[PDB]
Amino acid sequence: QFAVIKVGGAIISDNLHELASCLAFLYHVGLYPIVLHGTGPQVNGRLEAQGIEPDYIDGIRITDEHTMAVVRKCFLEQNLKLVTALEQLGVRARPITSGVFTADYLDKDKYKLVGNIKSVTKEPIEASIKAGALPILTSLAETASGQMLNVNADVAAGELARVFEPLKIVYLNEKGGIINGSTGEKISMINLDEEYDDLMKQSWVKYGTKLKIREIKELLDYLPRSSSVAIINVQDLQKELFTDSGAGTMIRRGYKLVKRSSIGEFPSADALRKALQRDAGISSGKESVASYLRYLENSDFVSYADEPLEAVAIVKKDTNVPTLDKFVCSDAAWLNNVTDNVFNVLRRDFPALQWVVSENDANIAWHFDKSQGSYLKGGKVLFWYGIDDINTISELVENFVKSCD
Amino acid sequence: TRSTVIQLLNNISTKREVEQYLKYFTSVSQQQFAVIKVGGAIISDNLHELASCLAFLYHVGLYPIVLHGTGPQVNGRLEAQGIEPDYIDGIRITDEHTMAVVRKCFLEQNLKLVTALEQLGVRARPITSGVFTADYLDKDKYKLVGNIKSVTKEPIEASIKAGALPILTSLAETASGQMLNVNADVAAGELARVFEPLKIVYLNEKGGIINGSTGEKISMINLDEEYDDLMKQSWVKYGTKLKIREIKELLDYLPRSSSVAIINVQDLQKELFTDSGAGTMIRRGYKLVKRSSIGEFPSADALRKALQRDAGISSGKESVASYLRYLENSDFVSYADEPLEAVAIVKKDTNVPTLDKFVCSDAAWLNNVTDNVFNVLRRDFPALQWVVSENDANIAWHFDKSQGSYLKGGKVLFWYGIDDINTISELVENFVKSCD
Amino acid sequence: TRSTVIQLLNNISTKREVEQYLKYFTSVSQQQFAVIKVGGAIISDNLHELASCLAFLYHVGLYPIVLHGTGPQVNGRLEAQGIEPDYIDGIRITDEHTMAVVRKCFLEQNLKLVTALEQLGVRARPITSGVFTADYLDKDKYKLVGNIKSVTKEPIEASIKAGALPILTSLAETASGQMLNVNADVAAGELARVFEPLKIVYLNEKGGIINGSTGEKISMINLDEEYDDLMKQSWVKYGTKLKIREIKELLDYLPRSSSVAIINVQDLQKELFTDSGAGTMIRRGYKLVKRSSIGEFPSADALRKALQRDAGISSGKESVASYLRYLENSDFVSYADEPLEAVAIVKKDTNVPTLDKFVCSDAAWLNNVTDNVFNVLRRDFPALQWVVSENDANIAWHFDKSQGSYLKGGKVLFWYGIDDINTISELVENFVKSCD
Amino acid sequence: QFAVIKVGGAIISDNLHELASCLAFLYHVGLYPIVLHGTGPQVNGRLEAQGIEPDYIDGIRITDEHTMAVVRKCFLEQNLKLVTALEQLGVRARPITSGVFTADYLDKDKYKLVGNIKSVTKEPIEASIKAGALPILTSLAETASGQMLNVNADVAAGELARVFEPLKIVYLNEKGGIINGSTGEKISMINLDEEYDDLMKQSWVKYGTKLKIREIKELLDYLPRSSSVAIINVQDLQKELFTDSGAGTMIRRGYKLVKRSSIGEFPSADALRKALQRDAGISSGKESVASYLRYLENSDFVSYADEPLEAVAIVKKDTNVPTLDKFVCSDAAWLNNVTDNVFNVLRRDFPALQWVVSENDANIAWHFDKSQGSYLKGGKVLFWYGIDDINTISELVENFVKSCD
Ligand SMILES: CC(=O)N[C@@H](CCC(=O)O)C(=O)O
């Protein structure tokens with residue numbers, strides 16, 4: 001499912017065209033972002049205009065009875081503004097100003113009419129998408145009994161992400177990305193699994209940053225590995241959504257390969273079976289997975305696979321210059337370069353390696369790029385890397401030719 | 001669309017239907033089109049009937065504001081949870097828990113209709129809040145029941161402007177943001193007051209109003225003429241009196257162009273454009289004014305204009321000029337509305353009085369002011385004769401109002417109420433005598 | 001679209017129009033709607049008029065097969081190349097060179113129309129060959145002129161199926177592949193024969209046929225009844241005689257369902273569905289068969305089934321059984337079409353004969369076989385009386401056929417042709433006498 | 001204009017979906033190919049079905065009076081079949097079965113009702129495209145007087161290409177190309193200026209082939225040197241339309257390459273020097289063309305150059321496994337695969353060859369495809385072909401490594 005985009009209210013006032021044209025682009029290429037917005041700046045100006053002092057404790061707006069009336073009006077206006085904007089560019093939008101979030105009071109005497117989201121109702125957002133309209137949500141919850149409660153836009157966004165498990169979660173701000181405070185290096189990427197601990201330890205990472213990165217981790221720990229969070233400025237949005245660099249920060253968990261040395265260590269032997277069935281010489285070749293796995297049990301080998309076994313490499317360690325014996329990766333895996341991931345790991349753990357690919361394998365070109373040498377014979381190509389000993393090359397080639405037997 | 005045309009044509013029979021449809025499509029006026037109050041019962045039991053019908057209006061380019069309740073569904077749920085549904089004074093005592101059931105039902109019923117319509121290619125836009133603001137009607141008597149203080153146009157407009165049907169729930173909310181339950185029929189009226197739409201359709205089960213003393217389905221009511229004497233009737237029940245009263249009160253506020261329909265769901269497409277349909281259509285109309293001398297007409301020139309549309313004066317061999325000379329010296333009774341859109345003149349000499357002139361513009365034909373005038377005539381003149389051109393546009397209508405007819409020289413003699421075989425001969429003979 | 005609906009509704013007046021329109025939208029529809037022969041003169045001088053009009057049909061979901069000539073354009077070119085245009089027997093002597101000019105013109109005229117239609121949003125598909133196969137008509141008399149041996153449907157069908165109007169040139173071709181010039185009016189007939197369309201419209205400049213002695217646009221012609229006496233007329237010019245004759249010859253080949261319209265381009269949308277329009281519509285109409293005894297009816301059971309549709313026999317208190325008893329011993333004339341879709345019975349006793357039964361199915365009403373039957377009646381019975389129920393479905397129609405009417409006891413006495421003041425009294429008195 | 005695609009009739013019978021869906025894709029992305037189809041088999045199948053020997057001289061069908069009737073019927077059927085197919089997939093198609101080609105008799109007694117296209121009328125094809133419909137032409141001409149004449153599909157296609165000068169000209173066949181009928185070697189390139197005469201002289205080149213290649217030469221003699229024809233299989237159509245490689249036979253005019261063995265034979269020594277100055281290691285590299293040509297004079301070498309010296313290849317013939325020493329081709333040449341031209345000639349004159357390409361040359365992938373083996377070192381890749389002696393490979397690699405001095 002595609003994206004949840006949290007829009008700061010500031011943007012609807014000051015960049016309606018930039019924003020609208022950009023969502024319109026997504027709409028045009030057939031993508032349907034769930035859009036959820038606040039209304040910060042606008043509201044304080046109105047409360048002043050009516051002689052109400054805007055009022056906060058703990059970074060939360062104390063939303064009393066009168067203030068709610070101003071807040072509600074602003075939400076609804078800001079929300080049509082965006083919908084209208086989008087319609088003008090030919091994009092079907094559907095304002096959804098209630099009926100998505102249900103909440104309790106966060107603290108009835110501290111904050112008055114501020115909410116705490118207890119659940120998300122999908123049906124409106126789905127209906128909208130199904131009917132070919134972008135859904136444009138206000139971050140406004142409501143008790144069962146029907147009192148509307150003001151609720152934090154950033155937390156609403158998260159609650160949606162949790163339910164809809166979208167691929168991208170974009171937080172549109174003014175600032176833009178995150179800047180490394182000690183070198184000014186705009187941080188364009190963060191792989192949490194690797195980088196998180198040492199980033200939180202940094203002198204420069206301010207408290208506000210720590211809390212943001214932490215809350216992003218907490219979100220991403222349960223969504224798919226496919227998902228990611230982007231902190232960008234509005235203009236460089238179209239860019240950051242598909243290019244991994246862009247000009248904003250993109251955070252994600254970062255992907256896993258698991259090194260195993262025995263069938264024993266695989267959590268499901270049946271998962272392995274399915275994984276191996278996509279092979280060119282097992283899918284109906286003359287070697288049943290059954291009997292192949294027999295040979296493995298009694299074999300010096302190292303395997304590398306992601307959790308879903310979308311890519312499985314197997315290095316047989318006998319014969320100096322070990323052989324990459326199987327490398328069975330689904331198309332899904334090729335497109336997300338998990339294949340590059342797996343070779344990178346291989347290249348570090350096996351400084352010399354040989355393998356064979358069919359002369360007209362779909363991505364023979366790729367293999368060539370990863371090799372240091374190639375030899376063609378009988379519609380198969382021997383590839384190897386890291387063995388620039390003139391002599392062991394001869395050995396290698398000779399054995400390969402020997403086995404068109 | 002083939003689709004639309006087929007369904008248009010299914011719901012036409014008389015030309016007077018065709019002429020009314022045409023008039024709604026060549027509304028050059030960006031006056032607002034219609035508010036349609038839909039009982040909740042209909043969304044459960046006739047979603048297709050209703051949706052296809054709204055879809056037709058959408059297709060022909062008309063954009064009804066649709067406002068719906070949720071009555072039946074809710075009581076069934078409260079029972080299902082072991083809560084007694086609870087009313088005082090015909091109002092639902094909507095406590096905290098009950099509101100939660102009501103709100104859920106509103107939102108469901110509402111998507112149900114929007115989704116339905118989308119499936120048929122109609123852009124719908126659910127508007128479940130932000131239109132009606134209310135106070136509490138009485139906070140300890142009714143708890144969370146509202147009283148509508150105002151209506152916010154922007155959502156409904158924006159929707160229409162962006163090409164989507166707006167589908168409103170009848171659910172108000174205090175400034176502070178507590179949703180209050182509010183009567184669907186009253187909400188419909190408050191919209192109508194603010195948007196001054198041309199049609200206000202109230203979908204019910206009953207259908208129209210039936211004349212309890214003759215079974216004559218009452219298809220039309222011009223209040224300015226008919227209201228008083230209709231309320232005076234033996235057969236008219238209290239429930240009816242209250243409905244008609246509340247419709248008068250509404251239409252007194254709106255333009256003369258506007259009108260209210262009470263119909264059943266199935267005959268909806270029909271009653272929205274055809275003046276007859278199979279339900280009752282109320283509107284203000286104008287009152288007919290009985291006068292007995294040119295003196296009493298406020299504008300003599302207005303009279304002259306009125307009479308010039310005649311088939312035998314617009315260039316026939318009796319100038320209105322000379323006719324109005326004869327009138328001044330004549331025993332006559334006249335009937336016309338204020339705008340002289342319809343004028344009848346009965347010359348009272350000769351037993352069996354002659355309806356000497358009867359000249360109504362097309363406007364008048366479509367709003368059956370013609371029927372109004374004949375009804376008055378039929379009461380004030382139990383026997384009457386009159387002559388219409390052989391190929392008058394609505395010669396058929398005259399035939400229906402007559403008890404007998406005679407054709408000669410491209411004119412038809414019509415009469416009613418004189419079934420004496422003999423005075424008929426006299427009548428016919430004099431009429432023939434005067435083609436020379 | 002509002003656009004279309006408006007233009008549909010502009011061209012409706014009677015319900016009989018509405019009911020015909022409905023039939024065409026739920027007809028055989030698509031393939032079998034109509035063949036429209038367009039004179040080439042029109043593609044040069046009225047492309048918009050024509051295009052917009054076809055476009056309207058396309059929009060309400062109808063798919064006319066359009067077949068055009070190229071007359072004028074081609075002579076202008078042949079002159080422009082210094083070739084004399086050349087005819088014997090109303091056929092163009094199409095030699096080798098002249099064919100090249102004819103072919104070029106066909107193909108141009110043909111795109112011109114398709115393009116024009118596309119520009120208005122109508123999918124069109126030029127079909128410039130592969131429909132008609134022909135022999136030489138006479139190789140030395142006419143050179144490259146053809147004689148249509150057969151019509152290949154597949155292209156025309158495919159086009160309609162894929163939602164495009166087919167635009168045919170009238171250009172045949174031998175099996176071996178030499179193109180032969182073929183008369184557009186004859187081509188149109190050959191299509192009609194294969195596709196049995198409901199309408200065959202011949203677009204001309206002239207317009208319809210105008211009664212040269214009263215200026216009365218002749219809007220309808222039932223050939224089986226009217227043909228002989230029309231041809232006998234002083235005013236019917238030779239050119240008219242030849243056209244009507246050639247139309248009879250065509251319609252004698254096609255179904256009874258079929259009909260030919262001779263109209264001008266502008267009143268096309270109108271004449272295609274409305275039975276009046278402002279052009280002449282010809283059709284064969286029906287052989288009504290005059291019988292004077294039950295004996296002569298080919299099936300007595302067919303008669304009984306025919307009469308059972310009556311309002312006072314379908315469950316009224318006079319069984320068809322006993323009615324037919326009374327007929328056997330009765331001076332009567334009956335008129336019925338072959339299918340007994342309409343059956344009229346005139347009881348001949350009592351001066352002013354009575355049309356005693358007139359039992360016509362709805363099918364019959366819509367195809368005005370009822371008008372047929374009355375036309376015959378009117379000729380064979382110069383004075384006639386009849387009684388119809390006050391609320392018969394088409395009481396209005398009866399009124400139009402009468403010269404006088406009297407209402408009593410929910411029945412209307414109608415008569416025609418007796419404008420003797422006195423025998424009218426007699427007539428009315430007897431009628432009143434028999435509600436008791 | 002985008003492309004003319006000649007579709008063999010065989011394809012409409014055996015791959016209507018493959019073909020239709022593929023054109024449908026082009027239609028969807030807003031491209032409008034002119035599609036011209038034949039009707040070969042279907043017609044031959046009928047003539048057999050009626051016991052008539054299909055009858056050809058010179059690769060042309062002797063179309064008598066009856067045989068034309070069969071042809072015409074088959075054209076019209078095959079043509080709707082394709083239009084209908086496309087419509088079903090949402091693509092507006094417009095059958096154009098006449099009125100595009102006007103012809104004389106090619107030879108009235110040799111071929112009977114076969115035509116010779118005297119002109120092509122654009123207006124129908126343009127109107128169709130303008131009106132948003134794919135035009136689907138039959139290759140069927142007609143005399144001024146209106147006799148329809150049969151015209152080879154391949155020749156009609158050339159006549160369109162001539163008039164419309166489309167960017168791509170695709171000839172869809174079954175083979176996937178032209179396969180050398182005596183060795184099964186898929187011919188991937190044909191430079192007509194060099195190869196044409198000796199290819200037509202071949203035993204295996206069937207009469208149908210001769211007529212297609214001839215009509216392609218005639219076409220390409222009219223058009224720019226930039227233009228070319230691709231004869232591909234249906235599945236690699238989407239591919240060949242945007243990728244410059246794709247994979248079937250690609251024909252084009254090329255230049256006649258001139259084999260010289262001494263500076264003496266070059267008509268201008270100054271023209272040679274200019275040609276070599278575009279090199280990456282002479283344009284300001286540490287080996288002046290001046291001194292390089294000194295070494296050549298005293299060198300066993302073969303050179304190959306077109307007349308304009310847009311491409312110059314130099315094979316140094318010492319050391320078994322000769323070296324392609326210089327290969328200096330302007331960008332113009334690269335884009336028009338003069339590199340393919342030159343390799344074809346090389347492969348015929350030198351059954352074993354070695355050469356070196358930069359690790360990140362723009363078309364390193366191409367070189368890999370032309371090789372039988374590769375070795376990477378010091379940002380250069382050694383390539384060779386035709387030497388599968390395990391031992392001389394060692395020699396080869398060792399010397400190459402030796403020379404990163
Ligand atoms: C044109 C001709 O003489 N011969 C070919 C043309 C059809 C095709 O190219 O498939 C034939 O078989 O009739």
# chains A, B, ... in the order shown; residues from 1 in each chain; ligands from 1
call {"tool": "residues_around", "arguments": {"residues": "residue C:38", "least_positions_apart": "5", "cutoff": "12 Å", "atoms": "only C-alpha atoms", "output": "number ranges by chain"}}
result
C: 43-47, 50-51, 54, 64-71, 109-110, 113, 167-170, 183-185, 187-188, 200-205, 262-265, 268
call {"tool": "write_last_selection", "arguments": {"atoms": "N, CA and C atoms", "output": "CSV table (one decimal), in the first residue's frame"}}
result
chain,number,residue,atom,x,y,z
C,43,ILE,N,-22.5,16.2,-48.5
C,43,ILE,CA,-21.2,16.2,-47.9
C,43,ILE,C,-20.4,17.5,-48.3
C,44,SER,N,-20.7,18.0,-49.5
C,44,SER,CA,-20.0,19.2,-49.9
C,44,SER,C,-20.7,20.5,-49.2
C,45,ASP,N,-22.0,20.5,-49.2
C,45,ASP,CA,-22.7,21.7,-48.9
C,45,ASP,C,-23.4,21.8,-47.5
C,46,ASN,N,-23.3,20.7,-46.7
C,46,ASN,CA,-23.9,20.6,-45.4
C,46,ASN,C,-23.2,19.7,-44.5
C,47,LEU,N,-21.9,19.6,-44.6
C,47,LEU,CA,-21.2,18.7,-43.7
C,47,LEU,C,-21.5,18.9,-42.2
C,50,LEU,N,-25.1,17.8,-41.4
C,50,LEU,CA,-25.2,16.3,-41.4
C,50,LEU,C,-24.4,15.7,-40.3
C,51,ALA,N,-23.2,16.1,-40.1
C,51,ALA,CA,-22.3,15.5,-39.0
C,51,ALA,C,-22.9,15.6,-37.7
C,54,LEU,N,-25.9,13.2,-37.3
C,54,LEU,CA,-25.4,11.8,-37.1
C,54,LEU,C,-24.9,11.7,-35.7
C,64,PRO,N,-26.4,4.3,-37.1
C,64,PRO,CA,-26.9,4.2,-38.4
C,64,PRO,C,-25.8,3.8,-39.4
C,65,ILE,N,-26.1,2.9,-40.4
C,65,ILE,CA,-25.2,2.6,-41.4
C,65,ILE,C,-25.3,3.7,-42.4
C,66,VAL,N,-24.2,4.4,-42.7
C,66,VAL,CA,-24.3,5.5,-43.6
C,66,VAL,C,-23.6,5.2,-44.9
C,67,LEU,N,-24.3,5.4,-46.0
C,67,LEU,CA,-23.8,5.1,-47.4
C,67,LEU,C,-24.0,6.3,-48.2
C,68,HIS,N,-22.9,6.8,-48.8
C,68,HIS,CA,-22.9,8.0,-49.5
C,68,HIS,C,-22.5,7.9,-51.0
C,69,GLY,N,-23.0,8.8,-51.8
C,69,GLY,CA,-22.6,8.9,-53.1
C,69,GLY,C,-21.5,10.1,-53.3
C,70,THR,N,-21.4,10.5,-54.5
C,70,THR,CA,-20.4,11.5,-54.9
C,70,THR,C,-20.8,11.9,-56.3
C,71,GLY,N,-21.9,12.7,-56.4
C,71,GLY,CA,-22.4,13.0,-57.7
C,71,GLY,C,-21.7,14.3,-58.3
C,109,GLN,N,-14.4,12.5,-50.3
C,109,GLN,CA,-15.8,12.7,-49.7
C,109,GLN,C,-15.9,11.9,-48.5
C,110,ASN,N,-15.4,10.7,-48.5
C,110,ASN,CA,-15.6,9.8,-47.4
C,110,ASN,C,-14.7,10.1,-46.2
C,113,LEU,N,-16.2,13.3,-44.4
C,113,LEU,CA,-17.3,13.0,-43.5
C,113,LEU,C,-16.8,12.3,-42.2
C,167,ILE,N,-19.1,4.2,-42.3
C,167,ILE,CA,-19.4,5.2,-43.4
C,167,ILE,C,-18.9,4.4,-44.7
C,168,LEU,N,-19.9,3.9,-45.4
C,168,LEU,CA,-19.7,3.2,-46.7
C,168,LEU,C,-19.7,4.1,-47.9
C,169,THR,N,-18.8,3.9,-48.8
C,169,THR,CA,-19.0,4.3,-50.2
C,169,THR,C,-19.8,3.3,-51.0
C,170,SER,N,-20.6,3.8,-52.0
C,170,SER,CA,-21.4,2.9,-52.9
C,170,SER,C,-20.5,2.4,-54.1
C,183,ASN,N,-24.9,2.7,-58.5
C,183,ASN,CA,-25.8,3.7,-58.0
C,183,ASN,C,-26.0,3.7,-56.5
C,184,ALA,N,-25.8,4.8,-55.8
C,184,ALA,CA,-26.0,5.0,-54.4
C,184,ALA,C,-27.4,4.6,-53.9
C,185,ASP,N,-28.4,4.9,-54.6
C,185,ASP,CA,-29.8,4.6,-54.2
C,185,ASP,C,-30.0,3.1,-54.3
C,187,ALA,N,-27.5,0.7,-54.1
C,187,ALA,CA,-26.7,0.2,-53.0
C,187,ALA,C,-27.4,0.2,-51.7
C,188,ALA,N,-28.1,1.3,-51.4
C,188,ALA,CA,-28.8,1.5,-50.2
C,188,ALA,C,-29.8,0.4,-50.0
C,200,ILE,N,-35.2,3.4,-43.5
C,200,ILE,CA,-34.3,3.7,-44.6
C,200,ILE,C,-34.5,5.1,-45.0
C,201,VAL,N,-33.5,6.0,-44.6
C,201,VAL,CA,-33.7,7.4,-44.9
C,201,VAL,C,-33.0,7.8,-46.1
C,202,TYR,N,-33.7,8.5,-47.0
C,202,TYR,CA,-33.1,9.0,-48.2
C,202,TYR,C,-32.9,10.5,-48.0
C,203,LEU,N,-31.7,10.9,-47.7
C,203,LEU,CA,-31.5,12.4,-47.5
C,203,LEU,C,-31.5,13.1,-48.9
C,204,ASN,N,-32.4,14.0,-49.0
C,204,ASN,CA,-32.3,14.9,-50.2
C,204,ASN,C,-32.3,16.4,-49.8
C,205,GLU,N,-32.3,17.3,-50.8
C,205,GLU,CA,-32.4,18.8,-50.6
C,205,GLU,C,-33.8,19.2,-50.5
C,262,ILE,N,-38.3,10.1,-46.6
C,262,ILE,CA,-37.7,11.1,-47.5
C,262,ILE,C,-37.6,12.4,-46.8
C,263,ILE,N,-36.4,12.8,-46.4
C,263,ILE,CA,-36.3,14.0,-45.7
C,263,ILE,C,-35.1,14.8,-46.1
C,264,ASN,N,-35.2,16.1,-45.7
C,264,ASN,CA,-34.1,17.0,-45.8
C,264,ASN,C,-33.2,16.8,-44.6
C,265,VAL,N,-31.9,17.2,-44.7
C,265,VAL,CA,-31.0,16.9,-43.7
C,265,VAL,C,-31.4,17.4,-42.3
C,268,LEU,N,-33.8,15.6,-39.8
C,268,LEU,CA,-33.5,14.2,-39.7
C,268,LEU,C,-33.7,13.6,-38.4
call {"tool": "residues_around", "arguments": {"residues": "residue A:39", "least_positions_apart": "5", "cutoff": "12 Å", "atoms": "only C-alpha atoms", "output": "PyMOL selection string"}}
result
chain A and resi 6-13+44-46+61+70-79+81-82+137-140+150-154
call {"tool": "write_last_selection", "arguments": {"atoms": "N, CA and C atoms", "output": "compact mmCIF listing (two decimals), in the first residue's frame"}}
result
# COMPACT_ATOMS: atom_id res chain seq x y z
N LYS A 6 2.11 13.03 6.27
CA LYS A 6 1.71 14.04 7.26
C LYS A 6 2.14 15.41 6.77
N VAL A 7 1.16 16.31 6.61
CA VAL A 7 1.42 17.65 6.17
C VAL A 7 1.23 18.62 7.30
N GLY A 8 2.28 19.37 7.60
CA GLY A 8 2.15 20.48 8.55
C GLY A 8 1.17 21.52 8.03
N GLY A 9 0.38 22.14 8.91
CA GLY A 9 -0.60 23.16 8.47
C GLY A 9 0.05 24.35 7.77
N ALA A 10 1.24 24.72 8.25
CA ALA A 10 2.03 25.79 7.68
C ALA A 10 2.12 25.73 6.15
N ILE A 11 2.11 24.50 5.62
CA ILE A 11 2.34 24.21 4.20
C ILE A 11 1.11 24.50 3.38
N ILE A 12 -0.04 24.23 3.95
CA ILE A 12 -1.28 24.45 3.22
C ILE A 12 -1.49 25.93 3.04
N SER A 13 -0.97 26.72 3.96
CA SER A 13 -1.07 28.17 3.85
C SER A 13 -0.05 28.69 2.85
N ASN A 44 -3.54 30.06 15.87
CA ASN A 44 -3.10 31.06 16.85
C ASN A 44 -3.49 32.49 16.42
N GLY A 45 -3.37 32.77 15.12
CA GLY A 45 -3.74 34.08 14.59
C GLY A 45 -5.21 34.41 14.83
N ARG A 46 -6.06 33.40 14.69
CA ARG A 46 -7.49 33.57 14.94
C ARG A 46 -7.83 33.73 16.40
N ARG A 61 -1.46 21.77 23.11
CA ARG A 61 -2.37 22.89 23.21
C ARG A 61 -3.51 22.60 24.19
N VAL A 70 -12.51 27.41 17.39
CA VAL A 70 -11.58 28.00 16.42
C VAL A 70 -10.75 26.96 15.72
N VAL A 71 -10.25 26.01 16.49
CA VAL A 71 -9.48 24.89 15.94
C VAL A 71 -10.29 24.07 14.90
N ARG A 72 -11.56 23.81 15.19
CA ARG A 72 -12.38 23.00 14.32
C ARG A 72 -12.58 23.71 12.99
N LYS A 73 -12.92 24.99 13.07
CA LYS A 73 -13.16 25.82 11.89
C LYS A 73 -11.91 25.82 11.03
N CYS A 74 -10.75 25.96 11.64
CA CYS A 74 -9.50 26.03 10.89
C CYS A 74 -9.16 24.75 10.25
N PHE A 75 -9.36 23.67 10.96
CA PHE A 75 -9.17 22.38 10.34
C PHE A 75 -10.03 22.20 9.10
N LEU A 76 -11.31 22.49 9.22
CA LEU A 76 -12.18 22.24 8.11
C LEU A 76 -11.80 23.11 6.91
N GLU A 77 -11.36 24.35 7.16
CA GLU A 77 -11.04 25.28 6.07
C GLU A 77 -9.80 24.82 5.38
N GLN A 78 -8.73 24.69 6.14
CA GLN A 78 -7.47 24.20 5.64
C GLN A 78 -7.70 22.96 4.79
N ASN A 79 -8.58 22.10 5.25
CA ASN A 79 -8.84 20.83 4.59
C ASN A 79 -9.55 21.00 3.23
N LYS A 81 -9.41 23.66 1.51
CA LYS A 81 -8.46 24.43 0.71
C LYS A 81 -7.63 23.45 -0.11
N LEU A 82 -7.15 22.39 0.55
CA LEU A 82 -6.27 21.41 -0.08
C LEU A 82 -7.07 20.58 -1.05
N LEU A 137 -7.36 13.56 5.27
CA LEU A 137 -7.76 13.48 6.69
C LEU A 137 -7.32 14.71 7.48
N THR A 138 -8.20 15.17 8.36
CA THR A 138 -7.83 16.08 9.46
C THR A 138 -7.45 15.23 10.65
N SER A 139 -6.49 15.71 11.46
CA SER A 139 -6.05 14.98 12.65
C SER A 139 -6.92 15.37 13.80
N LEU A 140 -8.11 14.80 13.83
CA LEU A 140 -9.15 15.23 14.72
C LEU A 140 -9.85 13.97 15.10
N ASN A 150 -9.08 17.37 19.92
CA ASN A 150 -7.86 17.76 19.24
C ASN A 150 -6.76 16.74 19.56
N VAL A 151 -6.03 16.32 18.53
CA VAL A 151 -5.04 15.26 18.62
C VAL A 151 -3.82 15.59 17.78
N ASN A 152 -2.64 15.29 18.31
CA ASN A 152 -1.37 15.57 17.61
C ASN A 152 -1.18 14.94 16.21
N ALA A 153 -0.99 15.79 15.18
CA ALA A 153 -0.83 15.37 13.75
C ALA A 153 0.23 14.31 13.54
N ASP A 154 1.34 14.44 14.24
CA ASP A 154 2.43 13.50 14.12
C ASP A 154 2.07 12.15 14.70
call {"tool": "calpha_fit_rmsd", "arguments": {"fixed": "chain D", "moving": "chain A"}}
result
7.8 Å
call {"tool": "residues_around", "arguments": {"residues": "stretch 169-185 of chain D", "least_positions_apart": "2", "cutoff": "9 Å", "atoms": "only C-alpha atoms", "output": "ChimeraX atom specification"}}
result
/D:2-8,10-11,154,157-158,161,166-167,187-188,203-206,209,227-234,236-237,240-241,247-250
call {"tool": "interface_residues", "arguments": {"of": "chain B", "to": "chain A", "cutoff": "8 Å", "atoms": "only C-alpha atoms", "output": "MDAnalysis selection string"}}
result
chainID B and resid 96:100 103 107 111 115 118:119 125 128:130 155 158 162 175:179
